[PDB]
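So the structure is just underneath, and the comments pick up after that.
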Amino acid sequence: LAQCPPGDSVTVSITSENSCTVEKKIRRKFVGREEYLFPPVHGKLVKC
Amino acid sequence: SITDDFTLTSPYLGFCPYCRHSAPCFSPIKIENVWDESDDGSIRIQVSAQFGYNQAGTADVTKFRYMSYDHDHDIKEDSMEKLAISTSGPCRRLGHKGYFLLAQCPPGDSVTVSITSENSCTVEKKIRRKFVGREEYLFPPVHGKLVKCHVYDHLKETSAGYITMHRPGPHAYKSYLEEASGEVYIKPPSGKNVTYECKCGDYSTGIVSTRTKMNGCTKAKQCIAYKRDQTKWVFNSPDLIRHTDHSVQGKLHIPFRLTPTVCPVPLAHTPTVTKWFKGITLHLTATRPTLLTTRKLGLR
Amino acid sequence: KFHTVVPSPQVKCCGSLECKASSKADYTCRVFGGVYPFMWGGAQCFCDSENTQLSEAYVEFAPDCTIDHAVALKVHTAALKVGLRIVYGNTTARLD
Amino acid sequence: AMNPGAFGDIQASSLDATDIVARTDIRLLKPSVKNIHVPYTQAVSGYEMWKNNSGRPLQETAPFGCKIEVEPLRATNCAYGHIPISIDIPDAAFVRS
Amino acid sequence: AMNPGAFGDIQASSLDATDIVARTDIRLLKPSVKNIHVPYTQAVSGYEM
Amino acid sequence: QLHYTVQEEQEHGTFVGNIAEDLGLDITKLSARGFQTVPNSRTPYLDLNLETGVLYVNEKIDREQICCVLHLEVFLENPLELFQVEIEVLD
Amino acid sequence: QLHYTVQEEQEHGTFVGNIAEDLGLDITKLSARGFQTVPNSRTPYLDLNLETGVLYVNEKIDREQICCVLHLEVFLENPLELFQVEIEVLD
Ligand SMILES: *[C@@H]1O[C@H](CO)[C@@H](O)[C@H](O)[C@H]1NC(C)=O
Ligand SMILES: *[C@@H]1O[C@H](CO)[C@@H](O)[C@H](O)[C@H]1NC(C)=O
Ligand SMILES: *[C@@H]1O[C@H](CO)[C@@H](O)[C@H](O)[C@H]1NC(C)=O
Numbered sequence: 102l103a104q105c106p107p108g109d110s111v112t113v114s115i116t117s121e122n123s124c125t126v127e128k129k130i131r132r133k134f135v136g137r138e139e140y141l142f143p144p145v146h147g148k149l150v151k152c
Numbered sequence: 001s002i003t004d005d006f007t008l009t010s011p012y013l014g015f016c017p018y019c020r021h022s023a024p025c026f027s028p029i030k031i032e033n034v035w036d037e038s039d040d041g042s043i044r045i046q047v048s049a050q051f052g053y054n055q056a057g058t059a060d061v062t063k064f065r066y067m068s069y070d071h072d073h074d075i076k077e078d079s080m081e082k083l084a085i086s087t088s089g090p091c092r093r094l095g096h097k098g099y100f101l102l103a104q105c106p107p108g109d110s111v112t113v114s115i116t117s121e122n123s124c125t126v127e128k129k130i131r132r133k134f135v136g137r138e139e140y141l142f143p144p145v146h147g148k149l150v151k152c153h154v155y156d157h158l159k160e161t162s163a164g165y166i167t168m169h170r171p172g173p174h175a176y177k178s179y180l181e182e183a184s185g186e187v188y189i190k191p192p193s194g195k196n197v198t199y200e201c202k203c204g205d206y207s208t209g210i211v212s213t214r215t216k217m218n219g220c221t222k223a224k225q226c227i228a229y230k231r232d233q234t235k236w237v238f239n240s241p242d243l244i245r246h247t248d249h250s251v252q253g254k255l256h257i258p259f260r261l262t263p264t265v266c267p268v269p270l271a272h273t274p275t276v277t278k279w280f281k282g283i284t285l286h287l288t289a290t291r292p293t294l295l296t297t298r299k300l301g302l303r
Numbered sequence: 050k051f052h053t054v055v056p057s058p059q060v061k062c063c064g065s066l067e068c069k070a071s072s073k074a075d076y077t078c079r080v081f082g083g084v085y086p087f088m089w090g091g092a093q094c095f096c097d098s099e100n101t102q103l104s105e106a107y108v109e110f111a112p113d114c115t116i117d118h119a120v121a122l123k124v125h126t127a128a129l130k131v132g133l134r135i136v137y138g139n140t141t142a143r144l145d
Numbered sequence: 194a195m196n197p198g199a200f201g202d203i204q205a206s207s208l209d210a211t212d213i214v215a216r217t218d219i220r221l222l223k224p225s226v227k228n229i230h231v232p233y234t235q236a237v238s239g240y241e242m243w244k245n246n247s248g249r250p251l252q253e254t255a256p257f258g259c260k261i262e263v264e265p266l267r268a269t270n271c272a273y274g275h276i277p278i279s280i281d282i283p284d285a286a287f288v289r290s
Numbered sequence: 194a195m196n197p198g199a200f201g202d203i204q205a206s207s208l209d210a211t212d213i214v215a216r217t218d219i220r221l222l223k224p225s226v227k228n229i230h231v232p233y234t235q236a237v238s239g240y241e242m
Numbered sequence: 001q002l003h004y005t006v007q008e009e010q011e012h013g014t015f016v017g018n019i020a021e022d023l024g025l026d027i028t029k030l031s032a033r034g035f036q037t038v039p040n041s042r043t044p045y046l047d048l049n050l051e052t053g054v055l056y057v058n059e060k061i062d063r064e065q066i067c073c074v075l076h077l078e079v080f081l082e083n084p085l086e087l088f089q090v091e092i093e094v095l096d
Numbered sequence: 001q002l003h004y005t006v007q008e009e010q011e012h013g014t015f016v017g018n019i020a021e022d023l024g025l026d027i028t029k030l031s032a033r034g035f036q037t038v039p040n041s042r043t044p045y046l047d048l049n050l051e052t053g054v055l056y057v058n059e060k061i062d063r064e065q066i067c073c074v075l076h077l078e079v080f081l082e083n084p085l086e087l088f089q090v091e092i093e094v095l096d
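Going down the list, the sequences are from chains F, P, B, D, H, Y and E.
With the entry's author numbering applied, the first sequence corresponds to residues 102 to 117, 121 to 152, in that order.
With the entry's author numbering applied, the second sequence corresponds to residues 1 to 117, 121 to 303, in that order.
First residue of the third sequence: 50, per the entry's author numbering; consecutive thereafter.
First residue of the fourth sequence: 194, per the entry's author numbering; consecutive thereafter.
First residue of the fifth sequence: 194, per the entry's author numbering; consecutive thereafter.
With the entry's author numbering applied, the sixth sequence corresponds to residues 1 to 67, 73 to 96, in that order.
With the entry's author numbering applied, the seventh sequence corresponds to residues 1 to 67, 73 to 96, in that order.
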């Protein structure tokens, strides 16, 4: 379980690489009716 | 009355909304404001920690101060080569001074500062690649026109403004209480005058140097205590309680002035002209966006 | 650009306070009851649920306003100052 | 006279004048989280909103094709009308018939 | 019949032919910074166009 | 916003702090508000008791392995509100 | 585009180079030309005398701290010209 930036692929590697990569379009997800880059200090605290 | 002596000033803990753990926290480094007015992409950052000064406060380049959130909440000092600025990739640290940073940064939607080995803190700030003239470019070319633009100065002793400074108010530590067996006490650290103003049954204000029984406070939730000898100035950030006296005790410089300079802008391909009656057909070649402006030489 | 600088909160612990109308630019000030603040070190007011916070805000020119500023002018009628060259008698005379 | 989100939203007699005046639509809000921050919201600066759609300046949109310069404000090399010249030639250039 | 910024702006009878002829709109400019580079500006390749 | 501290190699079940006492939440209505650890901010070394509102140690703290402090978030319903706890480990 | 050199542990005020003499610019109109170092390319170890147009040492050059060379830029107005100077530090 990992938190990742937006991208079009997912790669898992064993450094020192035997990496593997698959197509997965992940995007930044919302909770409400406002785009936000990251949650702000002042808010409504909705259920998600 | 601008002061350049940082021995009278302490850094402060700043509450910022996106720490490394993806939650707001109190951090020794907190971005108050970010300005991007230069034409070369350099950004100026105001940070809750000081830079280029040692724990005492003397001018000591490559070592910086920060108020730590550990058990001993005092000023500590650390190396400047383990600090990073980034927006999408790492940023080139152009300059630093007390409360202020200046850096070349790539385009991005956020600006973050971290103390590696982490205490990262991030703010929303939309910075983009900027023009200087009427032609788009990544970097200026070898062949150009060298037009006048304005960039942030890399020399730290210039002044783009001033910030007012004030005395710090009460801080009300939680570790100064001894709720036990229904009665509460005070923890003075090494016999210091940590004062108290609290309301067991009525407003009782006193100063204790030793551990002291309270007259009527049952639980510890209705009584506080804080230090008194706090004669170190602080920036008027909205993340601290102001004192009863909140006058401008001093004023610090705002470094990295917006100094005019020359800087090259490209010259596009010279268009060829075909002449037809009352008009010209211009044939245009431009790899990057380029502005064309025409106007008639008459009344309209 | 304005700086919209925000001063430090004025917090007192269950005493009702109000703020005087300052003459500073775009001065907006409000009072909030029922606050119980936390900065680093725990609770800042002993008193339980009647404390008052004072929020202050006012605007000010940005530090980079010395270069990035627009000046508003009212323009009245204009007058000309033309430079002439007079080549009378193959004798050049330049004047304004 | 000031409007939020418009040019001239913040005004003063000079850059260093004490009498700054502005009517930006600034509102303070209740702190939802139990901290000591000041939550506020405010309309966007009308300076940037004017730079977004300032259009083209007078150096590109001007009749009779003459260029605008500043310090002092002037329009150099304009070509529109006619100047009556009354010129008194000295008699040292006039020669005998 | 070459013209710049269009197909066939460079021509030859073979890839290894020495007789290559072309009329791309290339111009040489006076160098501004006092170095030894050759500032030139040319019309875009009509092959890629 | 709750700064708590623990010692080095503290045993299981030892005291870390009292969340409800310091936040002023009523103890006898904690269960009605759904007092629960936020799933995003979970520390395997520490737990909390839902009934008593007390944060304590789950696993023995290894100073070398975890490093640098721990962060744990809590949330309550009706009304909906989260809170943050930062825990320092001494050496 | 100019190349200068300095020795290690040079004191304050020691000679590095003559920018105007190397570039052919006349000294007596340097004030009218608006001679000045570019605000971007500045180093804390080397400065310049503007009346003589002579680039020299300001701070004692720490070979370990700076490293790898030093870059400086100067500019003049009417005509608008920009010039670049690279300084090697020996060991
Ligand atoms: C603490 O306060 C007392 C008040 O009587 C004063 O005498 C003393 O000098 C102060 N400082 C200490 C004990 O360091
Ligand atoms: C105004 O700024 C926005 C960015 O929010 C941009 O997309 C737009 O092109 C600009 N101009 C106009 C005329 O809306
Ligand atoms: C015009 O030129 C003639 C011959 O070149 C010269 O003698 C005369 O001085 C000039 N006219 C005047 C008014 O000086």
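Each residue gets a CB set at the ideal place from its N, CA and C atoms; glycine is no exception.
Closer than 8 Å, Cβ to any Cβ of chain P: which residues of the stretch 204-229 of chain H, in chain order?
If the cut-off is 8 Å between Cβ atoms, the stretch 204-229 of chain H has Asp218, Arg220, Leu222, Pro224, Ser225, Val226, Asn228 near chain P.
On a CA-only basis, which of B:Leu144, B:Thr141, B:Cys96, B:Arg134 is nearest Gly64 (chain B)? Give me that one, please.
B:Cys96
Tell me the DSSP bridge mates of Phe15 (chain P)?
P:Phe26
Throw me the rounded Cβ distance for the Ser207 (chain P) and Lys195 (chain P) pair, which I believe falls under 8 Å.
Taking C-beta atoms under 8 Å as the contact rule, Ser207 (chain P) and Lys195 (chain P) fail to qualify, at a distance of about 20 Å.
Spatial neighbours of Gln204 (chain H) within its chain, please: CB distance less than 6 Å, with the 5 preceding and 5 following residues excluded, ordered by chain position.
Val214
Check whether the Cβ of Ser117 (chain F) sits closer than 8 Å to any heavy atom of ligand 1, and report yes or no.
no
Report yes or no: do the stretch 229-245 of chain P and the stretch 213-227 of chain D share at least 3 C-beta pairs separated by less than 8 Å?
no
Taking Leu81 (chain Y) as the reference, which of Y:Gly24, Y:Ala32, Y:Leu2 has the closest Cα?
Y:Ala32
Tell me whether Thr115 (chain B) sits in a helix, a strand or coil according to DSSP, three-state version.
helix
Between which two residues does the alpha helix (DSSP H) holding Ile19 (chain Y) run?
19-23
Can you tell me whether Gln93 (chain B) is buried or exposed, with buried defined as 16 or more other CB within 10 angstroms of its CB?
buried
Taking contact to mean 3 or more Cβ pairs, one atom from each stretch, closer than 8 Å, check whether the stretch 160-178 of chain P and the stretch 258-276 of chain P are in contact.
yes
Taking DSSP as the reference, what is the three-state secondary structure of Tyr137 (chain B)?
helix
Anything in chain Y within Cβ reach of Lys133 (chain F), meaning under 9 Å, just list it in chain order.
Within chain Y, no residue comes near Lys133 (chain F); the closest Cβ sits about 13 Å away, beyond 9 Å.
With a threshold of 9 Å between beta carbons, is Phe88 (chain Y) in contact with chain D?
yes
Measuring straight from C-alpha to C-alpha, what distance separates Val237 (chain D) and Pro197 (chain D)?
8 Å
Near ligand 2, which residues have their beta-carbon closer than 7 Å to a heavy atom?
D:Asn245, D:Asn246
Indicate the three-state DSSP secondary structure (helix, strand or coil) for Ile203 (chain D) in the structure shown.
strand
Near residue 71 (chain E), what residues of its chain come up, given a Cβ to Cβ distance below 7 Å and the 5 sequence neighbours on each side ignored?
Coordinates for residue 71 (chain E) are absent; the numbering of chain E skips from 67 straight to 73.
Beta carbon of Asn139 (chain B): closer than 8 Å to some heavy atom of ligand 3?
yes
Determine the chain B residues that contact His12 (chain Y) at a beta-carbon separation under 8 Å, and present them in chain order.
Within 8 Å Cβ-Cβ: nothing; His12 (chain Y) doesn't reach chain B, min ~26 Å.
From the DSSP output, in three-state form, read off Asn245 (chain D) for me.
helix
Under the criterion of a Cβ to heavy atom distance below 8 Å, does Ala285 (chain D) qualify as lining ligand 3?
Answer for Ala285 (chain D): yes, Cβ within range of ligand 3.
Buried or exposed for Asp72 (chain P), please, with buried defined as at least 16 other CB atoms from any protein chain shown within 10 angstroms of its CB.
exposed
Which residues in chain H sit within 7 Å of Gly147 (chain P), going by Cβ to Cβ distance?
Listed along chain H, the residues sitting closer than 7 Å to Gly147 (chain P) by beta-carbon distance are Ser225.
Can you check which of these residues, P:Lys222, P:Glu121, P:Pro28, is closest to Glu186 (chain P) by C-alpha distance?
P:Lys222
Kindly give me the distance between the Cβ atoms of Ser86 (chain P) and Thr112 (chain P), rounded to whole angstroms, as I take these residues to be in contact under 8 Å.
Contact holds; Cβ gap of about 6 Å.
Let's test the definition: count the other Cβ atoms within 10 Å of the Cβ of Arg134 (chain B) and tell me whether it reaches 16, buried, or not, exposed.
exposed
Quick check for students: name the residue ranges of the beta strand (DSSP E) that lie wholly in the stretch 196-252 of chain P, counting only runs of 3 or more.
197-201, 207-211
Name the chain D residues whose beta carbon is nearer than 7 Å to that of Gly138 (chain B)?
Listed along chain D are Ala286, each with a C-beta nearer than 7 Å to that of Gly138 (chain B).
Excluding the five sequence neighbours on either side, which residues of its own chain have a C-beta within less than 6 Å of the C-beta of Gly248 (chain D), listed in chain order?
none
Are there three or more Cβ pairs, one per stretch, closer than 8 Å when the stretch 53-70 of chain P is compared with the stretch 7-23 of chain P?
yes
Taking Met168 (chain P) as part of the beta strand (DSSP E), name the residues at either end of that continuous run.
164-169
If you drop the 5 nearest sequence neighbours on each side, which residues of the same chain put their C-beta closer than 6 Å to that of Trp35 (chain P)?
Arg44
Using a threshold of 9 Å, state whether the C-beta atoms of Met168 (chain P) and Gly253 (chain P) are closer than that.
yes
Please look up how many angstroms separate the CB atoms of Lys76 (chain P) and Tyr66 (chain P), rounded, as I've assumed it's under 8 Å.
6 Å
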